[PDB]
Amino acid sequence: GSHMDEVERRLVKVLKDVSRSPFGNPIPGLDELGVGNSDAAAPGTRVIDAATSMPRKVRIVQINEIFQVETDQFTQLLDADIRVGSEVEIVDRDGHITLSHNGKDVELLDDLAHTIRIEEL
């Protein structure tokens, strides 16, 4: 093909990303994805896929839970409090994933936006 690096195309293990504002807007459920997982059907396409099937506005309905929330780094990401039921959008950029929300754009590593509870664009 022609390269075309998708959002989930990048495979990482560590918990780090680029940009200066990695935190912001609700939806970056880092410890939330742990459990969920989609692939087809409208009922949430999962960020991993919600960025190739002609994305427009991924509707956030949920994430997972709060059980896990013991991290100083997540403290800044918790500023949004992930409001399940909101409405956000995602878009690629030079082979990278970033959720664009009214507020600003975020990073959301492949480990973060792996199994979020959103809608199928």
Problem set entry | Counted residues, the stretch 24-60 - those being within 13 Å of the chain's Cα centre (by Cα), part of a loop (DSSP other than H, G, I, E, B) and either charged (D, E, K, R) or over 16 Å from residue 116 (Cα atoms) (or both) | 5
Exercise. What do you reckon, is residue 39 in contact with an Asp or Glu (Cβ under 9 Å, 6 or more places away or on another chain) and without any contact (Cβ under 8 Å) to a residue 40 or more places away in the chain?
Worked result: yes
Problem set entry | Within the stretch 1-35, considering residues that are small (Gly, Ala, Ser) and closer than 19 Å to residue 81 by Cβ, the one surrounded by the fewest Cβ atoms within 10 Å (Cβ to Cβ) | 21
Problem set entry | Those residues of the stretch 52-82 which are hydrophobic (A, V, I, L, M, F, W, C), touching a residue at least 60 places away in the same chain (Cβ under 8 Å) and surrounded by 12 or more Cβ atoms within 10 Å (Cβ to Cβ), in sequence order | 58
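Name the single residue, out of those in the stretch 93-121 being among the charged types (D, E, K, R) and closer than 17 Å to residue 23 by Cα, that is surrounded by the fewest Cβ atoms within 10 Å (Cβ to Cβ).
Residues of the stretch 93-121 among the charged types (D, E, K, R): 93-94, 104-105, 107, 110-111, 117, 119-120.
If we keep only those that are closer than 17 Å to residue 23 by Cα too, we end up with 104-105, 107, 110-111.
Details: 104: 13, 105: 17, 107: 21, 110: 18, 111: 17.
Only one residue tops the list, namely 104.
Out of all the residues in the stretch 90-98, is one or more assigned to a loop (DSSP other than H, G, I, E, B), out of contact with any strand residue (DSSP E or B) (no Cβ under 7 Å at 6 or more places or on another chain) and farther than 19 Å from residue 15 by Cα? Before you say what the answer is, go through the steps one by one.
Step one: filter the stretch 90-98 for residues assigned to a loop (DSSP other than H, G, I, E, B), giving 93-96.
Adding the requirement that they be out of contact with any strand residue (DSSP E or B) (no Cβ under 7 Å at 6 or more places or on another chain) leaves 93-96.
With the extra rule that they be farther than 19 Å from residue 15 by Cα, the set shrinks to 93-94.
Yes, some residue in the stretch 90-98 is assigned to a loop (DSSP other than H, G, I, E, B), out of contact with any strand residue (DSSP E or B) (no Cβ under 7 Å at 6 or more places or on another chain) and farther than 19 Å from residue 15 by Cα.
Each row is one residue, and each column tells you yes or no for (1) in contact with a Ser or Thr (Cβ under 7 Å, 6 or more places away or on another chain); (2) within 16 Å of residue 97 (Cβ to Cβ); (3) of a type in the set (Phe, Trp, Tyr).
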position	(1), (2), (3)
7	no, yes, no
10	no, yes, no
17	no, yes, no
23	no, yes, yes
26	yes, no, no
51	no, yes, no
62	no, no, no
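Report yes if residue 85 is in a loop (DSSP other than H, G, I, E, B), small (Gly, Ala, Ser) and without any contact (Cβ under 8 Å) to a residue 40 or more places away in the chain, otherwise no. Outline the logic, then answer.
Values: in a loop (DSSP other than H, G, I, E, B): yes; small (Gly, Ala, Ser): yes; without any contact (Cβ under 8 Å) to a residue 40 or more places away in the chain: yes.
Here the answer is yes, as residue 85 does meet what is asked.
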For this session: Search the stretch 7-32 for residues that are free of Cβ contacts under 8 Å to residues at least 12 places away in the same chain and pair each with any residue that is not small (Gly, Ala, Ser) when their beta-carbon atoms are under 8 Å apart and the residues are at least 6 apart or on different chains.
Result: none
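Note that each Cβ is placed from the backbone with ideal geometry, even for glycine, and that neighbours are counted across all protein chains shown. No value in this document is a laboratory result; all are computed from the given coordinates.
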